[PDB]
Amino acid sequence: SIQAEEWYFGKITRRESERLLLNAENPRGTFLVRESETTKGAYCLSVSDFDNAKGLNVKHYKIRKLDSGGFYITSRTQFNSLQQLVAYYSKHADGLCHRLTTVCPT
Ligand SMILES: CC(=O)N[C@@H](Cc1ccc(P(=O)(O)O)c(P(=O)(O)O)c1)C(=O)N[C@H]1CCCCN(Cc2ccc(-c3ccccc3)cc2)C1=O
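Basically the UniProt record's numbering = 1-based index in the sequence shown + 144.
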């Protein structure tokens with residue numbers, strides 16, 4: 145279950161996810177997963193970043209879930225669960241702004 149996951153923030157807006165992630169103490173890759181504001185059944189992976197050009201900023205990645213069963217950001221790379229997806233992206237940056245590091249503070 146995802147609702148039991150400490151990184152699952154459920155139904156919070158994009159503005160609120162940014163409010164939480166834009167904390168100067170959050171290092172690159174701080175993250176949270178929330179419901180997709182407009183795609184039913186889909187999720188959103190909001191991640192903090194930091195670079196000299198943009199300074200502290202947030203990126204949001206849409207996570208889709210098929211009825212076939214897999215979860216994915218890109219259809220090319222699928223997982224059986226949201227937890228598995230999160231674990232994979234905590235080890236690989238791939239197309240993300242940074243690998244997932246730790247759960248965003250409240
Ligand atoms: C308006 C906004 O914030 N849109 C987001 C997507 C988003 C998606 C859904 C929802 P919700 O409605 O449905 O929730 C919200 P929101 O409004 O709630 O905030 C916000 C976005 O466009 N992010 C970018 C993030 C990285 C840059 C590229 N990109 C396309 C892309 C390119 C490469 C990869 C990639 C990643 C990993 C591996 C390989 C490639 C992924 C995406 C994005 O989508």
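Beta carbons: idealized from backbone N, C-alpha and C, even for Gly.
The count of Cβ pairs closer than 8 Å, one atom from the stretch 194 to 201 and one from the stretch 217 to 236, stays below three, leaving the stretches out of contact. For the 9 Å CB-CB criterion, residue 229 and residue 206 do not form a contact.
One alpha carbon belongs to residue 158, the other to residue 184, and they sit about 15 Å apart. DSSP places residue 181 in the coil class of the three-state scheme, outside both helix and strand. Distances from the CB of residue 181 to the heavy atoms of ligand 1 include at least one below 8 Å.
Judged by DSSP secondary structure, residue 219 falls outside any beta strand (DSSP E); it is assigned neither H nor E. The nearest non-hydrogen atom of ligand 1 is less than 8 Å from the C-beta of residue 221.
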